[PDB]
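Structure first, commentary second.
Residue numbers (full-length UniProt numbering), protein chains in the order written: chain A, 940 to 988; chain B, 693 to 776, 787 to 790; chain C, 199 to 247.
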């Protein structure tokens with residue numbers, strides 16, 4: 940009898956300069972697709988571009 | 693870099709091939725500590741005895757020997773549909 | 199006189215096409231920044247939001 944689930948680090952930690960955790964940033968993440976490190980890298984390259 | 697390809701794609705391919713009609717044996721329980729293959733032989737009182745798994749050594753089929761170094765090209769010189787940015 | 203509807207939009211003049219943003223649909227829409235993998239073509243678009 941259990942339920943396996945994902946626990947975001949933001950749902951544990953909330954140190955101010957360490958882990959951004961504003962509800963804004965939270966729901967903005969809720970909008971995001973699942974990500975690979977390559978996806979994130981591509982995003983970073985795009986903002987750079 | 694490649695981990696999302698293996699987990700989020702290649703694993704599903706394993707899951708389907710896992711059901712193909714001719715994959716009839718059970719190969720591994722996920723427990724290196726205990727697992728042994730089930731072992732059947734055709735056999736008759738009239739004296740015949742053919743094991744289904746047997747160890748005859750290297751054979752012409754070219755499948756008896758494994759080169760583990762295959763991991764290296766996989767971890768390095770091999771691209772994937774999931775990396776990268788789009789690919790159907 | 200005769201204005202139909204007055205809306206509060208994001209300012210296209212500030213958030214220019216130079217920002218890579220596109221405000222024509224009513225929302226910011228940056229192409230090819232975040233984008234899901236493993237989805238059929240044209241499934242990327244919501245991420246543009």
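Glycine residues also receive a C-beta, built at the ideal position from the N, C-alpha and C atoms.
Using a beta-carbon distance below 8 Å, is residue i in contact with chain A?
i                     : result
residue 775 (chain B) : yes
residue 234 (chain C) : yes
residue 227 (chain C) : no
residue 208 (chain C) : no
Judging by CA-CA distance, which residue of the options is the nearest neighbour of residue i?
i                     : options                       : result
residue 242 (chain C) : A:987, A:956 and A:978        : A:978
residue 985 (chain A) : C:234, C:226, C:218 and C:223 : C:218
residue 732 (chain B) : B:725, B:717 and B:723        : B:717
residue 756 (chain B) : B:764, B:763, B:747 and B:762 : B:747
residue 229 (chain C) : C:245, C:202 and C:214        : C:245
residue 210 (chain C) : C:223, C:201 and C:240        : C:223
residue 247 (chain C) : A:951, A:968, A:987 and A:980 : A:968
Nearest chain B C-beta to residue i closer than 8 Å, yes or no?
i                     : result
residue 219 (chain C) : no
residue 942 (chain A) : no
residue 245 (chain C) : no
According to DSSP, is residue i part of a helix, a strand, or is it coil?
i                     : result
residue 743 (chain B) : strand
residue 775 (chain B) : strand
residue 733 (chain B) : strand
residue 765 (chain B) : helix
residue 950 (chain A) : helix
residue 703 (chain B) : helix
residue 984 (chain A) : helix
residue 245 (chain C) : helix
residue 945 (chain A) : coil
residue 979 (chain A) : helix
residue 970 (chain A) : helix
residue 233 (chain C) : coil
Residue i: buried (16+ other C-beta within 10 angstroms of its C-beta) or exposed?
i                     : result
residue 232 (chain C) : buried
residue 975 (chain A) : buried
residue 774 (chain B) : buried
residue 725 (chain B) : exposed
residue 982 (chain A) : buried
residue 204 (chain C) : exposed
residue 945 (chain A) : exposed
residue 235 (chain C) : buried
residue 696 (chain B) : buried
residue 787 (chain B) : buried
Under 8 Å, Cβ to Cβ, is there at least one residue of chain C near residue i?
i                     : result
residue 985 (chain A) : yes
residue 787 (chain B) : yes
residue 698 (chain B) : no
residue 960 (chain A) : no
residue 973 (chain A) : yes
If we count Cβ pairs, one from each stretch, closer than 8 Å, do we get three or more for the stretch 728-745 of chain B versus the stretch 954-964 of chain A?
no
At least 3 beta-carbon pairs within less than 8 Å: the stretch 698-711 of chain B vs the stretch 761-775 of chain B:
yes
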